[PDB]
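> Quick one: the structure is below, and I'll ask about it shortly.
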Amino acid sequence: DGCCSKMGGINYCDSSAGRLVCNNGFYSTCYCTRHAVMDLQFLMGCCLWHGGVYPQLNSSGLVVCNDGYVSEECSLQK
Amino acid sequence: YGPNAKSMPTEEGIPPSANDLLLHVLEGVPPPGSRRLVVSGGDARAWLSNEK
Amino acid sequence: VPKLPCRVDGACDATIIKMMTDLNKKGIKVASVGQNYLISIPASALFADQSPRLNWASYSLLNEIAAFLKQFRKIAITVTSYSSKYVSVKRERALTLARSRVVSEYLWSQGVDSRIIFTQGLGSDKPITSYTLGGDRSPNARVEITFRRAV
Amino acid sequence: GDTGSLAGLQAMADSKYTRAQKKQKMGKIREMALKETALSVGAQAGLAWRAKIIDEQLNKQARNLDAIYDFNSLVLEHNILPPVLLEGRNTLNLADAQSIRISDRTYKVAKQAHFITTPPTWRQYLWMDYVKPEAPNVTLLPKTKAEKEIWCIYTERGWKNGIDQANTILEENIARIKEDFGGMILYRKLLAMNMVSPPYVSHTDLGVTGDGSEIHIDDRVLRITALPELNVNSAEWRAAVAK
Numbered sequence: 039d040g041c042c043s044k045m046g047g048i049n050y051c052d053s054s055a056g057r058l059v060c061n062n063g064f065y066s067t068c069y070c071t072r073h074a075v076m077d078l079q080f081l082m083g084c085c086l087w088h089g090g091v092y093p094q095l096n097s098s099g100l101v102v103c104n105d106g107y108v109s110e111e112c113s114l115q116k
Numbered sequence: 259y260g261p262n263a264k265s266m267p268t269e270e271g272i273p274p275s276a277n278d279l280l281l282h283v284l285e286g287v288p289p290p291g292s293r294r295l296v297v298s299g300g301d302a303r304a305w306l307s308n309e310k
Numbered sequence: 038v039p040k041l042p043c044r045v046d047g048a049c050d051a052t053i054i055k056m057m058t059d060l061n062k063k064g065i066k067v068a069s070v071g072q073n074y075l076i077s078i079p080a081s082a083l084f085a086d087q088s089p090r091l092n093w094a095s096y097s098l099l100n101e102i103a104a105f106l107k108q109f110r111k112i113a114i115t116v117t118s119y120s121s122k123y124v125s126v127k128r129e130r131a132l133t134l135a136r137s138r139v140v141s142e143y144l145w146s147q148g149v150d151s152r153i154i155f156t157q158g159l160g161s162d163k164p165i166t167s168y169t170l171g172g173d174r175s176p177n178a179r180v181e182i183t184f185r186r187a188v
Numbered sequence: 027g028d029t030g031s032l033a034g035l036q037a038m039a040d041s042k043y044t045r046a047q048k049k050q051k052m053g054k055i056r057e058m059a060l061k062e063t064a065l066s067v068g069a070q071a072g073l074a075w076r077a078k079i080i081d082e083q084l085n086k087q088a089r090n091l092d093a094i095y096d097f098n099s100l101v102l103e104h105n106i107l108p109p110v111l112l113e114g115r116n117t118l119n120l121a122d123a124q125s126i127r128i129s130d131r132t133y134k135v136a137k138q139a140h141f142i143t144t145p146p147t148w149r150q151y152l153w154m155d156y157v158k159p160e161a162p163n164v165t166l167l168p169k170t171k172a173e174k175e176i177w178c179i180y181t182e183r184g185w186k187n188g189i190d191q192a193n194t195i196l197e198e199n200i201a202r203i204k205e206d207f208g209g210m211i212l213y214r215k216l217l218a219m220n221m222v223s224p225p226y227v228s229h230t231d232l233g234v235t236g237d238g239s240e241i242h243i244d245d246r247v248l249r250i251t252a253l254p255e256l257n258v259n260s261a262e263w264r265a266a267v268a269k
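Protein chains in written order, with the authors' numbering: chain MN, 39 to 116; chain AH, 259 to 310; chain MK, 38 to 188; chain HC, 27 to 269.
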């Protein structure tokens, strides 16, 4: 997990742009906070682009999102 | 005034303008009585108040 | 931590400093100031004599350029071409413009995530050395790429 | 057997079939339960794995998808989602005897046009939901190699069925987004054809208003008064030609 390797080491983590600063004056490659310009191109969880998971307690295998659409792709079949 | 109240507050056409909470969330004040949320991957802050 | 990637993908600053040191000792000028970066290529190692054609061995150098270019997060890259006076004004202007078009098209065909690629040439109007004895061997005949690393 | 079934019954008359059938009966009432368990676990694994593969594949060609599915060009001038139209040809219904109804073409309004705030992309139509399941929770276990191999082959069948189920899910989604895009294209075609009234939007705008504590400088009210609908005055129908 060497972020400033072949550098002067780690100076501190900037909180604005969320990047480490090495001891030489370069913005390092690593992140240093969760609020960063950081690309995400893949997601998990069901009911995506919908109302999310409805909080009901269904004994049946169907789970229906909060927009009312049923996610059979996550709902287990008979 | 009689024993019965009366008013005509219909205003059938005019939509509501905007919520006042937009200004507080613009300045960064969290809306009162709400709770925070978790945002990760960008540069943003968020809240949830009245399931909105 | 398994859900959130720890860094920008395919990145190692040790590889960055090592390959830029190898580039600098190989002969390509690399300049760093602020967050901006400028890379200069002399033309004799890349093209032919007064020619907008691609030598075959130069593809390895272009691949090295692309590998270093992949390691940064960009918005706009600019390509400028420069030459020495040979015949005319528009002759070397067209030579610079065509060389810039060639290198820009191959760079876009290789995998760099630019949003903007700008290309232009200027001919022989912006010299860096008043010593002008060589022709295409002269070091002022060149191609520059400029960009700014952002966040 | 029962093919040359006189000889099949004569083979059934032999006693070795009896001592094979009597031991096979207790297995017959037993082993069938594990098959559905194998089917279920293969179905779950295949469905999830094929879903991850197809989501990765969908992410691979993302730029061409936005290239083809430009909602944003299709929007009208007051940020109006275009309405949806359905066209059918050569309609025949047989109600009962002595009853036949014939239509040449027909058109149907599916979704009436309305206001919009942002152009919808394809991701609310074409993304497959993924979750990671990590719990093979099976009560049953094999005992012999026969149980193990029938478990293997029914696992294979369940795996293939899960793959097919995910592909069918994709087919249903792509049909839905196809009909939505085609309906919008047909709206543009018919509006050029001059068979449909355009949307009509009125507006009023008032100046400064409010109390001494709240002001809005310019307050514009915009409201759509005429929903787009087809006309029946057939004489005003525009033609078409080509060269």
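For each residue, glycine too, the CB sits at the ideal point set by N, CA and C.
Could you check what DSSP says for AH/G299 in three-state terms: helix, strand or coil?
Here residue 299 of chain AH refers to the residue found at position 41 of the second sequence. AH/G299: coil per DSSP, three-state reduction.
> Using a threshold of 9 angstroms, state whether the C-beta atoms of MK/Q157 and MK/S125 are closer than that.
In the third sequence, residue 157 of chain MK corresponds to position 120, counting from 1. In the third sequence, residue 125 of chain MK corresponds to position 88, counting from 1. Taking 9 angstroms as the Cβ cut-off, MK/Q157 and MK/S125 do not qualify as a contacting pair.
> How many Å lie between MK/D173 and MK/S118 at the Cα?
Taking the first residue of the third sequence as 1, we reach residue 173 of chain MK at position 136. Taking the first residue of the third sequence as 1, we reach residue 118 of chain MK at position 81. Roughly 13 angstroms separates the two Cα atoms.
> Assuming MK/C49 is part of the alpha helix (DSSP H), what are its boundary residues?
Taking the third sequence and counting its residues from 1, one reaches residue 49 of chain MK at position 12. Taken as a continuous stretch (DSSP letters only), MK/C49 belongs to no alpha helix (DSSP H), as it is neither H nor E.
> For HC/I241, which three-state DSSP category applies?
By one-based count along the fourth sequence, residue 241 of chain HC stands at place 215. Coil.
> Going by DSSP in three states, MK/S77 sits in which element: helix, strand or coil?
Stepping through the third sequence from its first residue, residue 77 of chain MK is reached at position 40. Looking at MK/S77 - three-state DSSP - the assignment turns out to be strand.
> Name the chain MN residues whose beta carbon is nearer than 7 angstroms to that of HC/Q150?
Residue numbering aside, residue 150 of chain HC sits at position 124 when the fourth sequence is read from its first letter. Result: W87.
> Ordered along the chain, which non-local residues of its own chain (more than five positions away) have a Cβ less than 7 angstroms from that of AH/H282?
Along the second sequence, one-based indexing puts residue 282 of chain AH at 24. Answer for AH/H282: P289, listed in chain order.
> Listing by chain order, which chain MN residues have their CB less than 8 angstroms from the CB of HC/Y213?
Position 187 of the fourth sequence, counted from the first residue, corresponds to residue 213 of chain HC. Near HC/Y213 there are no residues of chain MN at all, since even the closest Cβ is about 24 angstroms away, more than 8 angstroms.
> State the start and end residues of the unbroken alpha helix (DSSP H) segment that holds HC/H229.
Counted from its first residue, the fourth sequence places residue 229 of chain HC at position 203. It is not in any alpha helix (DSSP H) - HC/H229 instead sits in the beta strand (DSSP E) that spans 226–232.
> Is HC/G27 closer than 9 angstroms to HC/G188 when the C-beta atoms are compared?
Taking the fourth sequence and counting its residues from 1, one reaches residue 188 of chain HC at position 162. Taking the fourth sequence and counting its residues from 1, one reaches residue 27 of chain HC at position 1. Their beta carbons are not under 9 angstroms apart, which means HC/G188 does not touch HC/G27 by this criterion.
> Give the DSSP bridge partners of MK/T115, in chain order.
Here the question's residue 115 of chain MK lines up with position 78 in the third sequence. Answer is MK/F155, MK/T183, bridged to MK/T115.
> Starting from MN/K44, find everything on chain MK with Cβ-Cβ shorter than 8 angstroms and list it in chain order.
Walking along the first sequence from the start, residue 44 of chain MN turns up at place 6. Per Cβ cutoff of 8 angstroms: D50, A51, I54, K55.
> Using a 10 Å radius around the Cβ and a threshold of 16 neighbouring Cβ atoms, would you call MN/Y69 buried or exposed?
Walking along the first sequence from the start, residue 69 of chain MN turns up at place 31. Buried.
> When the distance is taken between beta carbons, is MK/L144 closer than 9 angstroms to MK/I114?
Translated into the one-based positions of the third sequence, residue 114 of chain MK becomes position 77. Translated into the one-based positions of the third sequence, residue 144 of chain MK becomes position 107. Yes, Cβ-Cβ distance for MK/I114 and MK/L144 is below 9 angstroms.
> In chain AH, which residues lie less than 7 angstroms from MN/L78 when you measure between Cβ atoms?
For the purposes of this step, residue 78 of chain MN is identified with residue 40 of the first sequence, where counting begins at 1. Going along chain AH in sequence order, the residues near MN/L78 (Cβ under 7 angstroms) are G299.
> From which residue to which residue does the alpha helix (DSSP H) around HC/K54 run?
One-based indexing of the fourth sequence puts residue 54 of chain HC at position 28. Note, HC/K54: alpha helix (DSSP H), 42–86.
> By the DSSP assignment, the beta strand (DSSP E) with HC/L118 in it spans what residues?
Stepping through the fourth sequence from its first residue, residue 118 of chain HC is reached at position 92. Segment 111–122, the beta strand (DSSP E) holding HC/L118.
> AH/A304 CB to nearest chain MN CB: under 9 angstroms?
Your numbering for residue 304 of chain AH matches position 46 in the second sequence. With 9 angstroms as the cut-off, AH/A304 does not count as an interface residue toward chain MN.
> Within this structure, are the beta carbons of HC/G209 and HC/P109 separated by less than 9 angstroms?
Start at 1 with the first residue of the fourth sequence, and residue 209 of chain HC comes out as number 183. Start at 1 with the first residue of the fourth sequence, and residue 109 of chain HC comes out as number 83. Yes, Cβ-Cβ distance for HC/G209 and HC/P109 is below 9 angstroms.
> Could you give the C-beta distance for MK/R185 and MK/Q72, rounded to a whole number, given that I count them as a contact under 8 angstroms?
Residue numbering aside, residue 185 of chain MK sits at position 148 when the third sequence is read from its first letter. Residue numbering aside, residue 72 of chain MK sits at position 35 when the third sequence is read from its first letter. Between MK/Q72 and MK/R185 the Cβ distance is about 6 angstroms, and since that is below 8 angstroms, they are a contact.
> Quick one: which residues of the stretch 47–71 of chain MN get their C-beta closer than 7 angstroms to a C-beta of chain AH? List them in chain order.
Answer set for the stretch 47–71 of chain MN: empty.
> Considering only residues of the same chain and omitting the five flanking positions on each side of HC/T117, which have a CB-CB separation below 6 angstroms?
In the fourth sequence, the residue the question calls residue 117 of chain HC occupies position 91. Closer than 6 angstroms at Cβ, skipping near neighbours: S129, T132.
> Of all the residues that make up the stretch 273–289 of chain AH, which are near chain HC by a beta-carbon distance shorter than 8 angstroms?
Answer in chain order: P273, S275.
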